[PDB]
>>> print(open('run-v9.txt').read())   # compact mmCIF, C-alpha atoms and all ligand atoms
# COMPACT_ATOMS: atom_id res chain seq x y z
CA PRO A 33 -41.37 94.16 22.35
CA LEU A 34 -37.99 94.46 24.28
CA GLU A 35 -35.46 96.79 26.11
CA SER A 36 -34.67 99.50 23.63
CA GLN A 37 -37.82 101.03 25.25
CA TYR A 38 -36.18 101.84 28.61
CA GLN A 39 -32.95 103.35 29.80
CA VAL A 40 -31.79 101.59 33.03
CA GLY A 41 -30.44 103.75 35.89
CA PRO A 42 -29.25 102.88 39.42
CA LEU A 43 -30.38 99.94 41.47
CA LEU A 44 -32.89 101.40 44.01
CA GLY A 45 -33.18 98.33 46.28
CA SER A 46 -33.47 94.56 46.44
CA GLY A 47 -34.94 91.96 48.85
CA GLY A 48 -37.80 89.41 49.24
CA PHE A 49 -39.61 91.45 46.47
CA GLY A 50 -36.62 91.08 43.94
CA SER A 51 -34.45 93.98 42.45
CA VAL A 52 -35.83 97.38 41.47
CA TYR A 53 -34.03 99.86 39.25
CA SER A 54 -34.62 103.47 38.43
CA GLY A 55 -35.38 103.98 34.77
CA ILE A 56 -36.65 106.27 32.09
CA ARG A 57 -39.05 105.43 29.26
CA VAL A 58 -37.04 106.36 26.11
CA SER A 59 -40.01 107.52 24.04
CA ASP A 60 -41.11 110.34 26.33
CA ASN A 61 -38.53 110.42 29.15
CA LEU A 62 -41.15 109.34 31.74
CA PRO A 63 -39.44 108.28 35.02
CA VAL A 64 -40.18 104.59 35.82
CA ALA A 65 -39.10 101.84 38.18
CA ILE A 66 -38.11 98.50 36.68
CA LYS A 67 -38.75 95.62 39.00
CA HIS A 68 -37.37 92.16 38.29
CA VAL A 69 -39.00 89.15 39.88
CA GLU A 70 -37.46 85.66 39.60
CA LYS A 71 -39.82 82.87 38.48
CA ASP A 72 -38.41 80.47 41.05
CA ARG A 73 -39.43 82.85 43.83
CA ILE A 74 -43.00 83.25 42.67
CA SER A 75 -45.23 80.89 44.69
CA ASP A 76 -48.46 82.57 43.62
CA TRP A 77 -49.61 82.57 40.06
CA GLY A 78 -52.71 83.79 38.41
CA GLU A 79 -54.14 84.40 35.00
CA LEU A 80 -55.23 87.42 33.05
CA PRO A 81 -58.68 88.35 31.73
CA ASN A 82 -56.60 86.93 28.87
CA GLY A 83 -55.39 83.50 30.10
CA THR A 84 -51.59 83.97 30.07
CA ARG A 85 -50.02 82.52 33.25
CA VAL A 86 -48.51 85.42 35.29
CA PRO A 87 -47.46 86.26 38.88
CA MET A 88 -50.46 87.07 41.09
CA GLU A 89 -48.58 90.33 41.68
CA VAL A 90 -49.25 91.29 38.01
CA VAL A 91 -52.94 90.26 38.31
CA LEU A 92 -53.35 92.41 41.46
CA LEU A 93 -51.58 95.42 39.96
CA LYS A 94 -53.81 95.41 36.88
CA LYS A 95 -56.91 95.16 39.07
CA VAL A 96 -55.86 98.31 40.94
CA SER A 97 -54.49 100.29 37.93
CA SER A 98 -56.16 103.64 37.53
CA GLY A 99 -55.47 107.41 37.53
CA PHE A 100 -56.13 107.33 41.33
CA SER A 101 -52.72 108.31 42.47
CA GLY A 102 -52.78 106.61 45.95
CA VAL A 103 -51.83 103.23 44.51
CA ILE A 104 -48.78 102.63 42.30
CA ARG A 105 -49.57 102.06 38.57
CA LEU A 106 -48.27 99.16 36.52
CA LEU A 107 -47.36 100.65 33.14
CA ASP A 108 -46.22 97.45 31.38
CA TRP A 109 -44.66 94.09 32.04
CA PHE A 110 -42.46 91.63 30.13
CA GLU A 111 -41.80 87.93 30.49
CA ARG A 112 -38.19 86.54 30.35
CA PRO A 113 -36.95 83.00 30.38
CA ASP A 114 -36.37 83.07 34.17
CA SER A 115 -38.08 86.20 35.36
CA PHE A 116 -40.81 88.82 34.87
CA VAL A 117 -40.02 92.48 34.58
CA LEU A 118 -42.56 95.08 35.76
CA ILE A 119 -42.50 98.69 34.65
CA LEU A 120 -43.98 100.85 37.37
CA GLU A 121 -44.62 104.52 37.73
CA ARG A 122 -41.89 106.46 39.60
CA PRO A 123 -42.48 109.86 41.28
CA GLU A 124 -39.51 112.18 41.26
CA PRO A 125 -38.39 113.31 43.76
CA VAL A 126 -39.62 110.41 45.94
CA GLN A 127 -38.75 109.00 49.41
CA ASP A 128 -40.21 105.85 51.02
CA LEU A 129 -41.99 106.38 54.27
CA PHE A 130 -39.51 104.14 56.15
CA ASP A 131 -36.57 106.43 55.07
CA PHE A 132 -38.59 109.54 55.88
CA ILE A 133 -39.29 108.27 59.39
CA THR A 134 -35.57 107.27 59.79
CA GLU A 135 -34.67 110.96 59.00
CA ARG A 136 -37.44 112.79 60.77
CA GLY A 137 -38.13 110.55 63.84
CA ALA A 138 -41.72 110.52 65.28
CA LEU A 139 -44.02 112.60 62.99
CA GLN A 140 -46.06 115.55 64.22
CA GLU A 141 -49.69 114.33 64.49
CA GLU A 142 -50.92 116.72 61.77
CA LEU A 143 -48.55 115.14 59.41
CA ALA A 144 -49.21 111.55 60.52
CA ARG A 145 -52.91 112.36 60.12
CA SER A 146 -52.55 113.43 56.46
CA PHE A 147 -50.30 110.42 55.62
CA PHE A 148 -52.50 107.88 57.51
CA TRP A 149 -55.67 109.31 55.86
CA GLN A 150 -54.15 108.87 52.38
CA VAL A 151 -53.05 105.34 53.21
CA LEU A 152 -56.62 104.54 54.30
CA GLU A 153 -57.98 105.92 50.87
CA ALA A 154 -55.38 103.77 49.07
CA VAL A 155 -56.21 100.60 50.90
CA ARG A 156 -59.98 101.22 50.44
CA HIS A 157 -59.17 101.49 46.69
CA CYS A 158 -57.37 98.11 46.71
CA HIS A 159 -60.31 96.47 48.59
CA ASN A 160 -62.86 98.02 46.20
CA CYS A 161 -60.88 96.58 43.29
CA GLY A 162 -61.06 93.07 44.95
CA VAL A 163 -57.36 93.16 46.12
CA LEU A 164 -55.94 92.56 49.61
CA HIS A 165 -52.38 93.97 49.88
CA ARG A 166 -51.27 91.97 53.01
CA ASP A 167 -48.04 93.92 53.49
CA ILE A 168 -49.01 97.49 54.44
CA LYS A 169 -45.96 98.98 56.25
CA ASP A 170 -43.80 102.12 55.92
CA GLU A 171 -41.27 100.38 53.53
CA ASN A 172 -44.22 99.82 51.09
CA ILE A 173 -45.31 103.45 50.95
CA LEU A 174 -43.78 106.09 48.70
CA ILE A 175 -44.04 109.80 49.28
CA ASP A 176 -44.30 112.01 46.12
CA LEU A 177 -42.48 114.90 47.74
CA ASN A 178 -43.56 117.77 45.37
CA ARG A 179 -47.22 116.81 45.66
CA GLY A 180 -47.45 115.49 49.27
CA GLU A 181 -49.15 112.31 47.83
CA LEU A 182 -48.45 108.79 49.20
CA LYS A 183 -48.53 105.71 46.97
CA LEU A 184 -48.88 102.11 48.11
CA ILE A 185 -46.45 99.84 46.35
CA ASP A 186 -45.29 96.20 46.35
CA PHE A 187 -48.16 93.83 45.80
CA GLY A 188 -45.82 90.83 45.87
CA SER A 189 -47.43 89.37 49.00
CA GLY A 190 -51.10 90.23 48.19
CA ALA A 191 -54.16 88.11 47.23
CA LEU A 192 -57.62 88.42 45.81
CA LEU A 193 -59.84 89.81 48.54
CA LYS A 194 -62.38 87.17 49.85
CA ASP A 195 -64.71 86.90 52.87
CA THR A 196 -63.49 83.51 54.06
CA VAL A 197 -60.41 82.72 56.16
CA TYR A 198 -56.81 82.97 54.90
CA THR A 199 -54.43 80.26 56.14
CA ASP A 200 -51.26 81.41 54.23
CA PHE A 201 -49.29 84.65 54.63
CA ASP A 202 -45.90 85.80 53.43
CA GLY A 203 -45.96 89.55 54.29
CA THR A 204 -44.17 91.16 57.23
CA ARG A 205 -44.43 89.21 60.55
CA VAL A 206 -44.09 92.32 62.91
CA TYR A 207 -47.16 93.88 61.16
CA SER A 208 -49.14 90.60 61.26
CA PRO A 209 -52.04 90.08 63.66
CA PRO A 210 -52.19 87.87 66.83
CA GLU A 211 -54.58 85.43 65.18
CA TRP A 212 -52.03 84.74 62.39
CA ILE A 213 -49.28 84.31 65.03
CA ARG A 214 -51.36 81.91 67.22
CA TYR A 215 -53.64 80.07 64.73
CA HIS A 216 -52.24 80.68 61.26
CA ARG A 217 -55.74 82.02 60.34
CA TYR A 218 -57.02 85.57 59.71
CA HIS A 219 -59.71 87.39 57.75
CA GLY A 220 -58.39 89.96 55.24
CA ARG A 221 -59.98 93.18 56.47
CA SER A 222 -59.47 92.90 60.14
CA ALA A 223 -55.82 91.75 59.50
CA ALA A 224 -55.38 94.90 57.26
CA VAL A 225 -56.77 97.04 60.10
CA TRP A 226 -54.26 95.53 62.55
CA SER A 227 -51.34 96.40 60.17
CA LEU A 228 -52.75 99.93 59.93
CA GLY A 229 -52.64 100.29 63.76
CA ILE A 230 -48.92 99.18 63.68
CA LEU A 231 -48.31 101.71 60.85
CA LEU A 232 -49.98 104.58 62.67
CA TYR A 233 -48.02 103.75 65.87
CA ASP A 234 -44.85 103.71 63.69
CA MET A 235 -45.59 107.15 62.36
CA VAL A 236 -46.39 108.83 65.68
CA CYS A 237 -43.67 107.12 67.78
CA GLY A 238 -41.00 106.66 65.09
CA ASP A 239 -40.74 102.83 65.37
CA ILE A 240 -43.14 99.87 65.42
CA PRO A 241 -44.64 98.82 68.79
CA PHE A 242 -43.92 95.09 68.69
CA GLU A 243 -40.76 93.25 67.76
CA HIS A 244 -41.56 89.73 69.13
CA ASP A 245 -44.34 87.19 68.76
CA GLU A 246 -45.04 87.35 72.50
CA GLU A 247 -45.63 91.12 72.37
CA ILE A 248 -48.00 90.80 69.35
CA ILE A 249 -50.07 88.18 71.11
CA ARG A 250 -50.22 90.13 74.36
CA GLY A 251 -51.34 93.27 72.45
CA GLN A 252 -50.40 95.65 75.34
CA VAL A 253 -49.43 98.96 73.75
CA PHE A 254 -46.85 101.34 75.36
CA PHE A 255 -46.39 104.82 73.98
CA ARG A 256 -42.79 105.85 74.07
CA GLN A 257 -43.44 109.38 72.67
CA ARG A 258 -45.97 111.97 73.66
CA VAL A 259 -49.13 111.10 71.67
CA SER A 260 -52.57 112.70 72.07
CA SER A 261 -55.25 110.61 73.80
CA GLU A 262 -57.48 110.54 70.70
CA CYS A 263 -54.58 109.17 68.60
CA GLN A 264 -53.68 106.54 71.24
CA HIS A 265 -57.35 105.50 71.43
CA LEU A 266 -57.52 104.97 67.58
CA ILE A 267 -54.31 102.98 67.65
CA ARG A 268 -55.40 100.80 70.61
CA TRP A 269 -58.71 100.21 68.74
CA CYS A 270 -56.92 99.06 65.48
CA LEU A 271 -54.79 96.83 67.72
CA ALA A 272 -57.74 95.09 69.50
CA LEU A 273 -56.84 91.46 70.16
CA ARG A 274 -60.19 90.07 68.89
CA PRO A 275 -60.54 90.76 65.14
CA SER A 276 -64.21 91.72 65.39
CA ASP A 277 -63.49 94.42 68.03
CA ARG A 278 -61.29 96.31 65.38
CA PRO A 279 -62.89 99.30 63.64
CA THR A 280 -64.01 99.20 59.97
CA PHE A 281 -62.36 101.68 57.55
CA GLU A 282 -65.43 103.88 57.90
CA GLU A 283 -65.09 103.85 61.72
CA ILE A 284 -61.38 104.73 61.40
CA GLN A 285 -62.15 107.63 59.08
CA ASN A 286 -64.97 108.94 61.22
CA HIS A 287 -62.78 108.76 64.33
CA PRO A 288 -62.32 112.20 66.07
CA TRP A 289 -58.53 111.96 65.58
CA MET A 290 -59.08 111.76 61.76
CA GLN A 291 -61.05 115.04 61.37
CA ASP A 292 -59.82 118.13 59.46
CA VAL A 293 -57.10 116.36 57.41
CA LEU A 294 -54.76 118.56 55.36
CA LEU A 295 -54.96 118.37 51.58
CA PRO A 296 -51.95 116.68 50.03
CA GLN A 297 -50.63 119.91 48.51
CA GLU A 298 -50.93 121.74 51.90
CA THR A 299 -49.09 118.80 53.44
CA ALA A 300 -46.13 119.23 51.04
CA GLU A 301 -46.12 123.04 51.57
CA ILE A 302 -46.17 122.86 55.40
CA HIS A 303 -44.12 119.71 56.05
CA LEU A 304 -42.12 118.52 53.08
CA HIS A 305 -41.02 122.07 52.17
CA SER A 306 -42.56 122.90 48.77
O1 LIG A 401 -42.57 96.76 44.44
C1 LIG A 401 -43.12 97.72 43.85
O2 LIG A 401 -44.36 97.76 43.46
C2 LIG A 401 -42.33 98.98 43.65
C3 LIG A 401 -41.14 99.46 44.14
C4 LIG A 401 -41.05 100.72 43.66
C5 LIG A 401 -40.07 101.74 43.76
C6 LIG A 401 -40.37 102.91 43.07
BR1 LIG A 401 -39.23 104.46 43.08
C7 LIG A 401 -41.50 103.13 42.33
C8 LIG A 401 -42.43 102.15 42.18
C9 LIG A 401 -42.18 100.98 42.88
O3 LIG A 401 -42.99 99.92 42.91
>>> encode(input="run-v9.txt", output="structure tokens")
Amino acid sequence: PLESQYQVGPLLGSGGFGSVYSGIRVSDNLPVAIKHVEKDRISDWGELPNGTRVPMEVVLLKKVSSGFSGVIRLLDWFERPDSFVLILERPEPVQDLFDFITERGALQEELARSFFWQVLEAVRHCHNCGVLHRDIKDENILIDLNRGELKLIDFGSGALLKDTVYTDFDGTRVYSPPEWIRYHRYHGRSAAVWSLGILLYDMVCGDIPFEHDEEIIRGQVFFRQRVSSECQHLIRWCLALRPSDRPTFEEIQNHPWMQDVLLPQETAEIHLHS
């Protein structure tokens, strides 16, 4: 057990998710992130194929763990008297998509296309593993800059995927759908698709489309940057007011705007300077 295994570096960030530090696994010098979550702030608990009582976040991370690099991997976890500590993979060099978009502004469509396509593969992976993320947004996406690979992180608001209605939510309100805002009800997939329309708008315009409940519920989309008609059509489709008018992941990926994606490595070479 215990913390002779890791060397702790700088605080990377803190918020509604807790406090995350940069670290290094002593035994092999592997870069990691060490995330601390307070017990008092965990409202959702689960249990392991084992039967230990742990944060749902740990259950969800283990369900999605794999060599598939589009979703962050949980390497280990520790319990403390008042907290859990999660050891997560850390790409180096790395930048979150929110910071990238702060620096670069609106992304060229070729680049948004490659990023959005990888996010779609990542989210399909979560859903295949029985996990609904419920907080897809640029702050929860890391870019592995040498490889041009995106990783979904932060499963602290997520849930087991089910086919019936959700009536709780604690992810990001500006990425939440109209049906959550009006009725406090949503189904997991069509709510995920709505957050993906907000994300894709964020990438191609450089900020999210809606800031207020009234705008979310109206669902009228205004493009403040020049954006191709095929891209605008995909976005307006993801942002359909009625959940069942939203595309499936397969319909998103077969959309004409999604064709001819760059490989991740080509993406880093052309856009991230490799
Ligand atoms: O909340 C998380 O899952 C999280 C934050 C984070 C930051 C880095 Br860097 C790497 C992995 C990470 O995972």
>>> residues_near_ligand(input="run-v9.txt", ligand="ligand LIG 401 (chain A)", cutoff="7 Å", atoms="all atoms listed in the file", output="PyMOL selection string")
chain A and resi 49+52+54+64-65+67+104+120-123+126+185-188
>>> atom_distance(input="run-v9.txt", atom1="CA of residue 298 (chain A)", atom2="CA of residue 146 (chain A)")
9.6 Å
>>> residues_around(input="run-v9.txt", residues="residue 181 (chain A)", least_positions_apart="4", cutoff="9 Å", atoms="only C-alpha atoms", output="tab-separated table (two decimals) with C-alpha atoms, in the coordinates of the input")
chain	number	residue	atom	x	y	z
A	101	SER	CA	-52.72	108.31	42.47
A	102	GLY	CA	-52.78	106.61	45.95
A	147	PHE	CA	-50.30	110.42	55.62
A	150	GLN	CA	-54.15	108.87	52.38
A	174	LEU	CA	-43.78	106.09	48.70
A	175	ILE	CA	-44.04	109.80	49.28
A	176	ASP	CA	-44.30	112.01	46.12
A	177	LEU	CA	-42.48	114.90	47.74
A	296	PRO	CA	-51.95	116.68	50.03
A	297	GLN	CA	-50.63	119.91	48.51
A	299	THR	CA	-49.09	118.80	53.44
A	300	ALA	CA	-46.13	119.23	51.04
>>> closest_residue(input="run-v9.txt", among="A:266, A:232, A:103, A:154", to="residue 289 (chain A)", atoms="only C-alpha atoms")
A:266
>>> closest_residue(input="run-v9.txt", among="A:263, A:151, A:191, A:86", to="residue 236 (chain A)", atoms="only C-alpha atoms")
A:263
>>> closest_residue(input="run-v9.txt", among="A:197, A:80, A:56, A:93", to="residue 215 (chain A)", atoms="only C-alpha atoms")
A:197
>>> residues_around(input="run-v9.txt", residues="residue 74 (chain A)", least_positions_apart="2", cutoff="9 Å", atoms="all atoms listed in the file", output="PyMOL selection string")
chain A and resi 69-72+76-77+87-88+188
>>> closest_residue(input="run-v9.txt", among="A:44, A:144, A:117, A:294", to="residue 233 (chain A)", atoms="all atoms listed in the file")
A:144
>>> closest_residue(input="run-v9.txt", among="A:261, A:75, A:37, A:115", to="residue 201 (chain A)", atoms="all atoms listed in the file")
A:75
>>> closest_residue(input="run-v9.txt", among="A:257, A:252, A:189, A:39", to="residue 73 (chain A)", atoms="only C-alpha atoms")
A:189
>>> axis_aligned_box(input="run-v9.txt", around="region 221-233 of chain A", padding_each_side="3 Å", output="JSON")
{"center_x": -54.0, "center_y": 98.2, "center_z": 61.2, "size_x": 18.0, "size_y": 18.8, "size_z": 15.4}
>>> atom_distance(input="run-v9.txt", atom1="CA of residue 199 (chain A)", atom2="CA of residue 241 (chain A)")
24.5 Å
>>> atom_distance(input="run-v9.txt", atom1="CA of residue 253 (chain A)", atom2="CA of residue 275 (chain A)")
16.3 Å
>>> closest_atom_pairs(input="run-v9.txt", of="region 176-216 of chain A", to="region 223-229 of chain A", cutoff="12 Å", atoms="all atoms listed in the file", output="JSON lines")
{"residue": "A:190", "atom": "CA", "partner": "A:224", "partner_atom": "CA", "distance": 11.1}
{"residue": "A:193", "atom": "CA", "partner": "A:224", "partner_atom": "CA", "distance": 11.0}
{"residue": "A:197", "atom": "CA", "partner": "A:223", "partner_atom": "CA", "distance": 10.7}
{"residue": "A:198", "atom": "CA", "partner": "A:223", "partner_atom": "CA", "distance": 10.0}
{"residue": "A:201", "atom": "CA", "partner": "A:223", "partner_atom": "CA", "distance": 10.8}
{"residue": "A:203", "atom": "CA", "partner": "A:227", "partner_atom": "CA", "distance": 10.5}
{"residue": "A:204", "atom": "CA", "partner": "A:227", "partner_atom": "CA", "distance": 9.4}
{"residue": "A:205", "atom": "CA", "partner": "A:227", "partner_atom": "CA", "distance": 10.0}
{"residue": "A:206", "atom": "CA", "partner": "A:227", "partner_atom": "CA", "distance": 8.8}
{"residue": "A:207", "atom": "CA", "partner": "A:227", "partner_atom": "CA", "distance": 5.0}
{"residue": "A:208", "atom": "CA", "partner": "A:227", "partner_atom": "CA", "distance": 6.3}
{"residue": "A:209", "atom": "CA", "partner": "A:223", "partner_atom": "CA", "distance": 5.9}
{"residue": "A:210", "atom": "CA", "partner": "A:226", "partner_atom": "CA", "distance": 9.0}
{"residue": "A:211", "atom": "CA", "partner": "A:223", "partner_atom": "CA", "distance": 8.6}
{"residue": "A:212", "atom": "CA", "partner": "A:223", "partner_atom": "CA", "distance": 8.5}
{"residue": "A:213", "atom": "CA", "partner": "A:223", "partner_atom": "CA", "distance": 11.3}
{"residue": "A:216", "atom": "CA", "partner": "A:223", "partner_atom": "CA", "distance": 11.8}
>>> residues_around(input="run-v9.txt", residues="residue 66 (chain A)", least_positions_apart="2", cutoff="6 Å", atoms="all atoms listed in the file", output="number ranges by chain")
A: 52-53, 118-119
>>> residues_around(input="run-v9.txt", residues="residue 269 (chain A)", least_positions_apart="2", cutoff="9 Å", atoms="all atoms listed in the file", output="list in words")
residues 226, 229, 264, 265, 266, 267, 271, 272, 277, 278 and 279 of chain A
>>> residues_around(input="run-v9.txt", residues="residue 68 (chain A)", least_positions_apart="3", cutoff="6 Å", atoms="only C-alpha atoms", output="VMD selection string")
chain A and resid 50 to 51 116 to 117
>>> decode(input="run-v9.txt", residues="region 106-120 of chain A", atoms="N, CA, C and O atoms", output="mmCIF file, in the first residue's frame")
data_model
loop_
_atom_site.group_PDB
_atom_site.id
_atom_site.type_symbol
_atom_site.label_atom_id
_atom_site.label_comp_id
_atom_site.auth_asym_id
_atom_site.auth_seq_id
_atom_site.Cartn_x
_atom_site.Cartn_y
_atom_site.Cartn_z
ATOM 1 N N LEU A 106 -7.766 4.565 -15.442
ATOM 2 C CA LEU A 106 -7.558 4.503 -13.996
ATOM 3 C C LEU A 106 -6.464 3.467 -13.751
ATOM 4 O O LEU A 106 -6.586 2.301 -14.112
ATOM 5 N N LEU A 107 -5.362 3.895 -13.209
ATOM 6 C CA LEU A 107 -4.245 2.965 -12.949
ATOM 7 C C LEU A 107 -4.305 2.327 -11.564
ATOM 8 O O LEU A 107 -3.829 1.228 -11.378
ATOM 9 N N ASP A 108 -4.859 3.038 -10.587
ATOM 10 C CA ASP A 108 -4.953 2.540 -9.210
ATOM 11 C C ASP A 108 -5.750 3.543 -8.484
ATOM 12 O O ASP A 108 -5.979 4.624 -9.017
ATOM 13 N N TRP A 109 -6.121 3.201 -7.262
ATOM 14 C CA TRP A 109 -6.918 4.034 -6.373
ATOM 15 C C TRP A 109 -6.651 3.596 -4.932
ATOM 16 O O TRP A 109 -6.265 2.427 -4.675
ATOM 17 N N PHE A 110 -6.840 4.528 -4.011
ATOM 18 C CA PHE A 110 -6.539 4.322 -2.592
ATOM 19 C C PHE A 110 -7.659 4.932 -1.812
ATOM 20 O O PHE A 110 -8.186 6.003 -2.204
ATOM 21 N N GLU A 111 -8.014 4.324 -0.680
ATOM 22 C CA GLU A 111 -8.987 4.945 0.216
ATOM 23 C C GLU A 111 -8.268 5.671 1.406
ATOM 24 O O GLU A 111 -7.361 5.120 1.976
ATOM 25 N N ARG A 112 -8.743 6.833 1.834
ATOM 26 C CA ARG A 112 -8.183 7.494 3.022
ATOM 27 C C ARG A 112 -9.266 7.683 4.029
ATOM 28 O O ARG A 112 -10.433 7.443 3.708
ATOM 29 N N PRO A 113 -8.917 8.117 5.280
ATOM 30 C CA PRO A 113 -10.074 8.327 6.151
ATOM 31 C C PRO A 113 -11.170 9.230 5.545
ATOM 32 O O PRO A 113 -12.359 8.902 5.672
ATOM 33 N N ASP A 114 -10.807 10.358 4.907
ATOM 34 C CA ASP A 114 -11.838 11.294 4.484
ATOM 35 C C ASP A 114 -11.901 11.480 2.962
ATOM 36 O O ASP A 114 -12.583 12.352 2.443
ATOM 37 N N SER A 115 -11.165 10.656 2.234
ATOM 38 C CA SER A 115 -11.121 10.910 0.810
ATOM 39 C C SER A 115 -10.771 9.594 0.090
ATOM 40 O O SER A 115 -10.372 8.611 0.752
ATOM 41 N N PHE A 116 -10.992 9.584 -1.235
ATOM 42 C CA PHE A 116 -10.324 8.639 -2.141
ATOM 43 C C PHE A 116 -9.318 9.338 -3.008
ATOM 44 O O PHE A 116 -9.517 10.513 -3.353
ATOM 45 N N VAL A 117 -8.283 8.625 -3.398
ATOM 46 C CA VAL A 117 -7.254 9.132 -4.257
ATOM 47 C C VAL A 117 -7.179 8.239 -5.491
ATOM 48 O O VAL A 117 -7.018 7.006 -5.354
ATOM 49 N N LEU A 118 -7.223 8.845 -6.686
ATOM 50 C CA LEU A 118 -7.293 8.116 -7.944
ATOM 51 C C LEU A 118 -6.049 8.403 -8.684
ATOM 52 O O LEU A 118 -5.676 9.588 -8.768
ATOM 53 N N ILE A 119 -5.376 7.356 -9.179
ATOM 54 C CA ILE A 119 -4.155 7.523 -9.954
ATOM 55 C C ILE A 119 -4.534 7.324 -11.413
ATOM 56 O O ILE A 119 -4.987 6.233 -11.799
ATOM 57 N N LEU A 120 -4.335 8.349 -12.238
ATOM 58 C CA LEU A 120 -4.852 8.316 -13.585
ATOM 59 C C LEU A 120 -3.691 8.468 -14.509
ATOM 60 O O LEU A 120 -2.708 9.120 -14.190
#
